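Raw contents of run-v5.cif, mmCIF, C-alpha atoms:
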data_entry
#
loop_
_atom_site.label_atom_id
_atom_site.label_comp_id
_atom_site.auth_asym_id
_atom_site.auth_seq_id
_atom_site.Cartn_x
_atom_site.Cartn_y
_atom_site.Cartn_z
CA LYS A 6 108.66 101.07 111.89
CA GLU A 7 110.91 98.04 111.21
CA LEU A 8 111.11 95.94 108.04
CA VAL A 9 110.11 92.30 107.75
CA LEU A 10 110.79 89.77 105.00
CA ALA A 11 107.88 87.83 103.46
CA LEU A 12 108.83 84.19 103.83
CA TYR A 13 105.79 82.90 101.91
CA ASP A 14 103.33 84.20 99.37
CA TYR A 15 100.05 85.23 100.93
CA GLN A 16 96.89 86.26 99.09
CA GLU A 17 94.40 88.24 101.15
CA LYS A 18 91.17 86.47 102.19
CA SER A 19 89.40 89.21 104.19
CA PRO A 20 88.82 92.98 103.74
CA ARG A 21 91.46 93.79 106.36
CA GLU A 22 94.09 91.59 104.74
CA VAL A 23 96.88 92.37 102.27
CA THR A 24 98.62 90.27 99.60
CA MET A 25 102.36 89.63 99.62
CA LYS A 26 104.89 87.59 97.69
CA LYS A 27 107.82 85.61 99.13
CA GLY A 28 110.90 87.82 99.05
CA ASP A 29 108.96 91.04 99.61
CA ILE A 30 110.24 93.53 102.17
CA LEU A 31 107.35 95.04 104.15
CA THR A 32 107.19 97.80 106.71
CA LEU A 33 105.96 96.44 110.07
CA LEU A 34 103.14 98.68 111.29
CA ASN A 35 101.58 96.85 114.25
CA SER A 36 102.82 93.70 115.96
CA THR A 37 100.57 93.80 119.05
CA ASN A 38 98.69 90.65 117.89
CA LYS A 39 100.54 87.36 118.12
CA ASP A 40 98.78 85.87 115.05
CA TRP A 41 98.29 88.75 112.59
CA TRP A 42 100.66 91.68 111.96
CA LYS A 43 99.69 94.87 110.17
CA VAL A 44 102.24 95.60 107.45
CA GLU A 45 102.66 97.81 104.42
CA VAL A 46 103.33 95.97 101.18
CA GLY A 47 104.36 98.36 98.47
CA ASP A 48 101.66 101.05 98.66
CA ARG A 49 98.98 99.15 100.61
CA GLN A 50 98.41 98.24 104.29
CA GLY A 51 96.69 95.34 106.00
CA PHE A 52 97.15 92.12 107.93
CA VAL A 53 99.26 89.05 107.18
CA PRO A 54 100.03 85.98 109.32
CA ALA A 55 102.77 86.94 111.80
CA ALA A 56 104.24 83.49 111.16
CA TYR A 57 104.88 84.13 107.47
CA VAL A 58 107.24 87.07 108.00
CA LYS A 59 110.62 87.50 109.65
CA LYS A 60 111.91 90.62 111.35
CA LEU A 61 115.18 91.97 109.96
CA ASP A 62 115.51 95.17 112.05
#
The structure given in the file should be rewritten as structure tokens.
Amino acid sequence: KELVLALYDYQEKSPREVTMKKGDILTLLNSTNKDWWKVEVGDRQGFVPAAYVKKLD
């Protein structure tokens, strides 16, 4: 889908989560949830706080 920019670093805390580093460019996979967005960071998928990323589009 679209691309989002990681505004903050985020280390996963649950099995469904994924780690990211500020500055990273992730592929937005599912933004149906207002609190967690499924993204692809590098070569891995998972959820990160919707609030910590920004849509570029």
Expand the PyMOL selection byres ((chain A and resi 13) around 12) into the explicit residue set it covers here, and present it as an NGL selection string. :A and (9-12 or 14-16 or 24-30 or 53-59)
Leaving out residue 32 of chain A and any residue of its chain fewer than 5 positions from it, which residues lie within 8 Å of it when counting only C-alpha atoms, given as a count of residues only? 7
Using the chain letters and numbering of this document, enumerate as a ChimeraX atom specification the residues selected by the PyMOL selection byres ((chain A and resi 43) around 6). /A:34-35,42,44,51-52
Mind giving me the straight-line distance from atom CA of residue 23 of chain A to atom CA of residue 61 of chain A in Å, one decimal? 19.9 Å
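Candidate residues A:22, A:17, A:47, A:33 were compared for distance to residue 62 of chain A, and the nearest is A:33, using only C-alpha atoms.
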Around all the atoms of segment 21-39 of chain A listed in the file, draw an axis-aligned box and extend it by 5 Å on each of the six sides; I want its centre and edge lengths in Å to one decimal, as AutoDock Vina command-line options.
--center_x 101.2 --center_y 92.1 --center_z 108.4 --size_x 29.4 --size_y 23.1 --size_z 31.4
